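Asks: The structure's right below; bear with me while I get my questions together.
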Amino acid sequence: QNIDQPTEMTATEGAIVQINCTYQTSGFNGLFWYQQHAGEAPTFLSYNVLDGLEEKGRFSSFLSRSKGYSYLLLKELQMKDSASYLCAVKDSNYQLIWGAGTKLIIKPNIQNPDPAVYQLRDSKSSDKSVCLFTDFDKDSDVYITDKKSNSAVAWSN
Amino acid sequence: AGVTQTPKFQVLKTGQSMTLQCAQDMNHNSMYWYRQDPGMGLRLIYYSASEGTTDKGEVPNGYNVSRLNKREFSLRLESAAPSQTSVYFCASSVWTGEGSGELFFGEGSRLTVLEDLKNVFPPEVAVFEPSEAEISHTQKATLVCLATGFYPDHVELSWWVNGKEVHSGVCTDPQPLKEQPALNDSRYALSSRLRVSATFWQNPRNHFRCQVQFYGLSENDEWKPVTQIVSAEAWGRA
Amino acid sequence: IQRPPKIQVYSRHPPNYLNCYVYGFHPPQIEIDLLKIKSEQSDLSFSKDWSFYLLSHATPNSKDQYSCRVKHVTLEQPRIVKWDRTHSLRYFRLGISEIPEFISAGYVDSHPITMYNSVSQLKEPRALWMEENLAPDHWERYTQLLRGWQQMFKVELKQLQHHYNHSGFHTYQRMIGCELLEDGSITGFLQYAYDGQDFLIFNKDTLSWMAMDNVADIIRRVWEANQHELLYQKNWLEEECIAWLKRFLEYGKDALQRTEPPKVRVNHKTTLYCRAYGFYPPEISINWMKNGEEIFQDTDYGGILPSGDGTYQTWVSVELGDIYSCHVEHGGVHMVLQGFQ
Ligand SMILES: O=c1nc2n(C[C@@H](O)[C@H](O)[C@H](O)CO)cc(CO)nc-2c(=O)[nH]1
């Protein structure tokens, strides 16, 4: 009938994150966790049935049948782990009920930050000028674009 | 093996009939079609439990399906609708549960249905040279690529140094913003960064090229703003 | 293995209905005819021992003679008989290399509920309370799941012969279910059979499979490396199944909880007969008594037979200043009838 999980979570590289998934259905056979990278096809992560913990690699999943609660626990976050994690649970009948995934945004580790804003040379190719905010950690027409180095782009016609 | 899914991109005027092909190399009996929209999980349109039987899913409306082979499952819609714009996935399971069976998804199919094709445009790509301030300070050089004014959004952006594609030092924006978010129809823009050592940029013999693949109408479409690669290049500077 | 059929002819009451009940046979291929007059036969039913049973009905029985003809692979001669507390849930799969190739039927307390055959592939209620309570969109997923389980069963049957060595006619049978004891405890079972013999037996405490044959061991090693499947099987049996069982009970609380007692009749032909007609639930105990103890030597029990009303009937006979009486216990509720002295 219903399955819930956070829309977006932010965590810095190297840390440990947990994605909670709560579900209420008519019956329960198994619980599914899928990883779906941005602009991709989901892939299978882990599957739980009996109450307990399931550890595969640096990924781990847990299941509570009574509480109808399961979490996804990712140890030692790398940059590649940022994706939408889909939580799905099978009904009383074998049809699969998908929850809208949790988008994980991994913040890169900056050991020696050097925030600055540089003005790039004009380009032969277009009439617009650009500025670059890099190394860090609302006009009518002025656009900004949001992010081992962090960066952000700002141009205006 | 894997699951082959075609096409990967499409543009249709409302009232058009087009079919999506899916192929499964894994010797699976169970075949599925999904429709994935932002803000909501996967919704199953139709399914073939095994060869020869197929049942309507959560949202059977606007869709009709067929099992050709045991290996092939093709999704069809004979009338395109604006509410049918989504990213359509095919998947295969070894058998319908059998409750541990994981799904294997296809690459995905990006579909866009429009009333009028008048608004379809390809991208405009431009590369912007590194700031001499960046080089003289950070001892590093950063290239910026901009792709603007393309509708609808189907794009693949990549960096090419001296003819060969590079993945290192590349950060490309996740999703295209809209030049006029206020409009129902604003076109989109997209940015990308390429960062190489100061010394490597300061060499004029090096070729940097920003490549953006666009998916427009096909050749047999009735009109173009067609499938093309719009590129931008910057030679090293001393 | 092959099991020779056991047939008994009898009546629905002492105008009547003529019952031909053939049970404990295998392979399921058989022909049951009443003599010849038109006889409506029930659906093929399964038992826990992998055998089969069938009830064909159609008989005022006045100045006339009736009988029942049965043809089976264990019989050279087409034999003709002349007239003369734990609730549980069970699901059966019957595969065939040929009546239909695939049959699926559910049973709660040995009562037919769900039926699926491979000829016309649909899931229909065998009980009135099933059709009434269960939405039509329910049966709709299960003709869909069943079509898959049918194909899956065909693949496993082909793989088995090939694995075994033969071709031609062979049977594949699957049994799954859970049962709820009166005290509230529960258990669950999953088993496969080939040609009417126990093939594989699933233990949910050890999460392992028991192979009874060198060949069944191959399949063992295949499923055991699947360890997540097993984990899934356990949860179903332990949890999902019990829920299903308790749901049908609430639905069928009317029929399952009703009680009608037997009307006992005694006769002699030397031999003394005791028949108990039209009772329910099936659980009952009949024994002859002599002054006043129960009789053992030369006693014959007829097991329990379906009446056709959903009721049942059984019998006990004994070969002969002593008193012979018949002790029946239904509600328990001990009943005694003095036959002879
Ligand atoms: O709810 C139902 N479950 C059935 N099952 C249960 C299945 O879950 C079976 O245990 C197994 O998971 C199939 O892979 C077997 C079978 C086999 O007849 N049939 C049914 C059925 O009709 N309805």
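Start at 1 and count along the chain as shown; that gives each residue its number.
Heads up, header says this was done by X-ray crystallography, 3.3 Å.
For all residues, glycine too, the Cβ spot is worked out from N, Cα and C.
Checked Swiss-Prot, it gives:
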BINDING   C:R93, C:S104, C:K123, C:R174, C:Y232, C:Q233  7-hydroxy-6-methyl-8-(1-D-ribityl)lumazine binding site
BINDING   C:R93, C:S104, C:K123, C:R174, C:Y232, C:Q233  5-(2-oxoethylideneamino)-6-(D-ribitylamino)uracil binding site
BINDING   C:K123  pyridoxal binding site
BINDING   C:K123  2-amino-4-oxopteridine-6-carbaldehyde binding site
DISULFID  C:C178-C:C241  disulfide bond
DISULFID  C:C274-C:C326  disulfide bond
CARBOHYD  C:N165  N-linked glycosylation site
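Map the listed features onto the structure and describe their local environment.
Replies: Secondary structure at C:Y232 (7-hydroxy-6-methyl-8-(1-D-ribityl)lumazine binding site), taken from DSSP and collapsed to helix, strand or coil, is helix. Here the Cβ of C:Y232 (7-hydroxy-6-methyl-8-(1-D-ribityl)lumazine binding site) has 24 other Cβ atoms within 10 Å, regardless of which shown protein chain they belong to.
When secondary structure is read from DSSP and collapsed to three states, C:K123 (7-hydroxy-6-methyl-8-(1-D-ribityl)lumazine binding site) falls in the coil class. Using a 10 Å radius centred on the Cβ of C:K123 (7-hydroxy-6-methyl-8-(1-D-ribityl)lumazine binding site) and all shown protein chains, the other Cβ atoms total 21.
Mapped onto three states, the DSSP output places C:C178 (disulfide bond) in strand.
For C:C326 (disulfide bond), other Cβ atoms within 10 Å of its Cβ number 24.
Over all protein chains present, the Cβ of C:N165 (N-linked glycosylation site) has 8 other Cβ atoms lying within 10 Å.
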Asks: Just name the recorded positions among C:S104, C:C178, C:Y232, C:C241, C:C274, C:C326 whose Cβ comes within less than 8 Å of a chain B Cβ; none is a fine answer.
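Replies: The recorded positions close to chain B are C:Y232.
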Asks: Including all protein chains shown, what's the count of other C-beta atoms within 10 A of the C-beta of C:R93 (7-hydroxy-6-methyl-8-(1-D-ribityl)lumazine binding site)?
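Replies: If we count other Cβ atoms within 10 Å of C:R93 (7-hydroxy-6-methyl-8-(1-D-ribityl)lumazine binding site), we arrive at 23.
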Asks: Given a separation of at least six residues and a C-beta threshold under 8 Å, show me what packs close to C:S104 (7-hydroxy-6-methyl-8-(1-D-ribityl)lumazine binding site) in the same chain.
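Replies: Looking at Cβ-Cβ distances below 8 Å from C:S104 (7-hydroxy-6-methyl-8-(1-D-ribityl)lumazine binding site), excluding near sequence neighbours, one finds C:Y91, C:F92, C:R93, C:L94, C:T114, C:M115, C:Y116, C:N117, C:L146, C:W149, C:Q150.
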Asks: Cα distance, C:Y232 (7-hydroxy-6-methyl-8-(1-D-ribityl)lumazine binding site) to C:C326 (disulfide bond), nearest Å?
Replies: 50
Asks: How long is the line from the C-alpha of C:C241 (disulfide bond) to the C-alpha of C:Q233 (7-hydroxy-6-methyl-8-(1-D-ribityl)lumazine binding site), rounded to the nearest angstrom?
Replies: 10
Asks: Given the recorded positions C:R93, C:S104, C:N165, C:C326, return the subset with CB under 6 A from an atom of ligand 1, ordered by sequence, or none if empty.
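Replies: Correct list: C:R93, C:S104.
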Asks: With CB distance below 8 Å as the criterion, list the recorded positions among C:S104, C:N165, C:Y232, C:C241, C:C274 that sit near chain A.
Replies: C:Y232
Asks: Would you count the other CB atoms within 10 A of the CB of C:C178 (disulfide bond), including those on all shown protein chains?
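Replies: I count 24 other Cβ atoms within 10 Å of it.
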